[PDB]
Amino acid sequence: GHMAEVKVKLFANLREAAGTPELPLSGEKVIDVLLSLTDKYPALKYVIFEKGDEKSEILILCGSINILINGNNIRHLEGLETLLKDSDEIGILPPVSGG
């Protein structure tokens, strides 16, 4: 139920593929926002998630990305289920020191 209104920020080549440094979006959890980002920017659908389960709607966050919530890093929180809010914010970043 509901979709909390949030913001999303991109960085490095992720900003290049979204064509914007940031944009508004919504979702009740982190993943519900991520899944809308890839919806209009398919150029990030396989840069934020793994190109697997190509016969279902199961997806997996990439193993090289870093996701944030107001900067709090979901990697230290509930993960894809950190439960966003009507004024929360997210940041998506690529890997570093490798690729």
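Exposed (fewer than 14 other Cβ atoms within 10 Å of the Cβ) and closer than 19 Å to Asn73 by Cβ, is that true of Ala4?
Spelling it out, it is not the case that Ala4 is exposed (fewer than 14 other Cβ atoms within 10 Å of the Cβ) and closer than 19 Å to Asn73 by Cβ.
Considering only residues that are in a loop (DSSP other than H, G, I, E, B) and over 23 Å from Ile60 (Cβ atoms), which ones fall in segment 1-36?
Step one: filter segment 1-36 for residues in a loop (DSSP other than H, G, I, E, B), giving 1-4, 11-12, 19-21, 27-29.
Hits for segment 1-36 are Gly1, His2, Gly19, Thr20, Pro21.
Counting only residues that are touching a residue at least 12 places away in the same chain (Cβ under 8 Å) and outside any loop (DSSP other than H, G, I, E, B), which one in segment 76-97 is farthest from the chain's Cα centre (by Cα)?
Checking each candidate, the answer is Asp88.
In segment 25-39, which residues are within 10 Å of the chain's Cα centre (by Cα) and without any contact (Cβ under 8 Å) to a residue 40 or more places away in the chain?
Selection gives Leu35, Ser36, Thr38.
Can you find a residue that is exposed (fewer than 14 other Cβ atoms within 10 Å of the Cβ), in a loop (DSSP other than H, G, I, E, B), hydrophobic (A, V, I, L, M, F, W, C) and out of contact with any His (no Cβ under 6 Å at 6 or more places or on another chain) anywhere in segment 56-75?
yes
Cβ-Cβ distance below 7 Å, separation of 6 or more or different chains: which pairs start in segment 40-69 with a residue that is in contact (Cβ under 8 Å) with a residue 24 or more places away in the chain and end on one that is small (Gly, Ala, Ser)?
Close Cβ pairs (under 7 Å, with a partner that is small (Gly, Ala, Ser)) amount to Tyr41/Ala17; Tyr41/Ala18; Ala43/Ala17; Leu44/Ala17; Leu44/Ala18; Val47/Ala17; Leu68/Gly91.
Using ideal geometry, Cβ is built from the backbone for each residue, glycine included, and neighbour counts are taken over all protein chains shown. The numbers here are math on the coordinates, done by the rules we state, and not lab data.
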